[PDB]
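Chemist: Based on what follows, work out the 3D shape:
(6 chains, ligands or ions: 6)
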Amino acid sequence: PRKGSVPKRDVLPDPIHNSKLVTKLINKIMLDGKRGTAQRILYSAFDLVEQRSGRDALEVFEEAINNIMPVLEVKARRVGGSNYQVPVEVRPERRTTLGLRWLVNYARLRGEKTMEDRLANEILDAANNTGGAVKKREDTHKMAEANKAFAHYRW
Amino acid sequence: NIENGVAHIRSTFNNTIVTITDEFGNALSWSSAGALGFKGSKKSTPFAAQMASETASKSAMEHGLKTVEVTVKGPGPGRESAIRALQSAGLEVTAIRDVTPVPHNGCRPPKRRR
RNA sequence: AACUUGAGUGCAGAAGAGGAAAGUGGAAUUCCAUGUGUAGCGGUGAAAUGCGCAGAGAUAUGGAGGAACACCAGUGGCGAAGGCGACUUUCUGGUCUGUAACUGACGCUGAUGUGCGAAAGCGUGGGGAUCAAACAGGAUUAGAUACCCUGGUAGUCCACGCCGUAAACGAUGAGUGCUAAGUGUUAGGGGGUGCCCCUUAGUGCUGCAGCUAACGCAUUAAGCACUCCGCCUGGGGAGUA
RNA sequence: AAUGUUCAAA
RNA sequence: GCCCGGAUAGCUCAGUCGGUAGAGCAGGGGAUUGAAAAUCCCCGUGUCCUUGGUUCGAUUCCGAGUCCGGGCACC
RNA sequence: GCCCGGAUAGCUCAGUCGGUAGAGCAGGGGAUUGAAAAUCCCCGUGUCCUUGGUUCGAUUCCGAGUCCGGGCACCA
Ligand SMILES: [Mg+2]
Ligand SMILES: [Mg+2]
Ligand SMILES: [Mg+2]
Ligand SMILES: [Mg+2]
Ligand SMILES: [Mg+2]
Ligand SMILES: [Mg+2]
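Modeler: Residues are numbered from 1 along each chain as shown, chains lettered A, B, ... in the order given. Ligands and ions are numbered 1, 2, ... in the order given. Please see the structure below:
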């Protein structure tokens, strides 16, 4: 949109967990319009955290997003008559929305033969490090943080 | 080796050189972008200057002098980020000099690029 | 026969990178000498060929050698044109202003000849620092004999002697008179109060009248008149036999 | 500061 | 009349020292994109020159053999 | 017939003085961008030549061993 700033206006309340930031990852596991099979699986994948981890999934959950939380972006920009990359630090509204995809994309990759148990091994083993998806955020975390380049670029 | 130094830097478009010495010209520890692994035209960034003045300046280890008194050879893109970042090793810059060799129409230059 | 306005000679002053011949100096590039030092410099879109521990590039001093003279410098000046720009001396041409003392038309243009004539090229010499055809090596593309990079011979430099061409271009021959005005600038000369207006000579812009196919030229004419010489007559074939 | 060729017949 | 080199995808070369066949140019079919050329995939058939013998087995070692390149060439 | 050097990611080298394995070229997957080449991330398997012994422990010290590079080579 060359015209500026389409409004956001999205709402996300929740029944029991009392968190806006938990009804987001119900809105990404839900494929094919079936909200009627999401929280039946999601809340049966959080009540099995305390039977697998040491604690309730609430105080593990902000840690689980906190360690997976991506820092730096590399949005390529052909500067001034050249062509190579530039590091951009993400504005804080965008970064959780970039962040939550790595739970679900690797939820469909861990061959535990039960999706409400295969997916929940990345909230366990996410507050604790070296999980499944932390490898990508450390792979791209050093993408241009160590590879610092022309950092006076606009976009 | 005792507490003195004049700073000789140059910065062409390739491999901005920093070399700090005493009142004579004796070579404490030279430093470049080339000792660091910058080859693909990151030989000259201000970030290449950011690890230029550091690794020569901090590599004193015999003098650690009182001032630096920079002499700026090489008109190029790595000038002032090698003199601000020279202070980051704690050496108290207090007077700068700019010496680039200006001819008086001596020898005819090489031809124009295309 | 005479006269003086055309052109000359005298007098005062005024400028100027006009030329030719010696001499002096500074910045810079490169290559030798030695200090300190060690892992790369240099290179492009990106990279390599090339140089490097046997001691590089960056830097300190010193030496040698050649080329050109940053700042002033500017629609600035000078020459017929090409062109000429560090500084001093020796020789020497040309033009401008004012002045009226002479000479009394001595002038204009030029067919053939006679001379000057950038840059490359050639002959016999010297000189060789940077550049730099041919060529050599590395990338680029399908191939690249090219544009890019690292080197490098002629040449580029001076004296003597040829060659005699160019977009040698305001693409506008030379000379002399005449027709609105503004506006900068350079070298003078008079008038009035570091300042204000009179004219001469060049040199930039904007502009009526007029010509012009139109763009535009317009007191430095492509306007209005005269005098003499050079040249064209559709394009290719061809500035060739 | 690019690496990019061509378009059968009026 | 004499000694060697060998006939190795349709083109050019490779190992081819008896169990042990490779590349690149070409061809075809997709993709590209206004249309060709480039450019990128995916493919195949080789011939191991005629023929016999030492042959567990010869593209491979002998020679009954065709063709051509290297020296022959003498008083 | 004799003395040494050793077989160290698929390629090349490094320490490898008994507790103590590294680089770069290659490969794969992302990004780039009309498409390749560049270019930038993120990765892995090494082999410490066959084998025994001094072995708390040998890539590491001996030698039963294969291969190749440096000298052998004398007046048979
Ligand atoms: Mg708008
Ligand atoms: Mg000559
Ligand atoms: Mg060249
Ligand atoms: Mg001219
Ligand atoms: Mg004119
Ligand atoms: Mg004709």
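Chemist: Confirm that residue B:19 lies within a helix, as I assumed.
Modeler: No - under DSSP: H, G, I helix; E, B strand; the rest coil, residue B:19 sits outside any helix and is assigned strand.
Chemist: and it, what does it touch?
Modeler: Counting by C-beta atoms under 8 Å, 6 or more residues apart in numbering or on different chains, residue B:19 touches B:7, B:8, B:9, B:27, B:30, B:31, B:56. Just so you know, the C-beta spots here come from the backbone N, C-alpha and C atoms, and that holds for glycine as well.
Chemist: With residue B:81 instead?
Modeler: B:46, B:49, B:50.
Chemist: what's the burial count for the residue in chain A positioned nearest to RNA strand F?
Modeler: Checking chain A residue by residue against RNA strand F with C-beta to the nearest atom of the strand singles out residue A:139 as nearest, at 3.8 Å. As a burial measure, residue A:139 scores 9 neighbours (other C-beta atoms under 10 Å in any protein chain shown).
Chemist: Setting aside sequence neighbours, what's the nearest residue to residue A:63?
Modeler: Spatial nearest neighbour of residue A:63, chain neighbours left out: residue A:127 (3.7 Å); criterion: C-beta to C-beta, 6 or more residues apart in numbering or on different chains.
Chemist: So that neighbour versus residue A:28, what's the distance?
Modeler: Distance, residue A:127 to residue A:28, by C-beta to C-beta, to the nearest Å: 20 Å.
Chemist: Can you pick out the residue with more neighbours from those two?
Modeler: Legend: neighbour count by other C-beta under 10 Å for residue A:127 and residue A:28, higher for residue A:127 (21 against 15).
Chemist: That one belongs to a strand?
Modeler: No - going by three-state DSSP, the assignment for residue A:127 is coil, not a strand.
Chemist: Using the three-state scheme, assign the closest residue to chain A within chain B.
Modeler: Chain A sits closest to residue B:47 of chain B, with a gap of 5.6 Å, by C-beta to the nearest C-beta. The three-state assignment at residue B:47 reads helix, by three-state DSSP.
Chemist: how about the strands in chain A?
Modeler: Taking DSSP state E, the strands of chain A run over residues A:72-74, A:87-89.
Chemist: deepest of those strands, which one?
Modeler: strand A:72-74 (a mean of 16; mean count of other C-beta atoms under 10 Å in any protein chain shown).
Chemist: what's next to it, contact-wise?
Modeler: Contacts of strand A:72-74 (C-beta under 8 Å, 6+ apart): A:85, A:86, A:87, A:88, A:89, A:90, A:98, A:140, A:141, A:143, A:144, A:145.
Chemist: Now, of the residues you listed, which are buried?
Modeler: By neighbour count, with 16 or more other C-beta atoms under 10 Å in any protein chain shown, the contacts of strand A:72-74 hold A:85, A:86, A:87, A:90, A:144 as buried.
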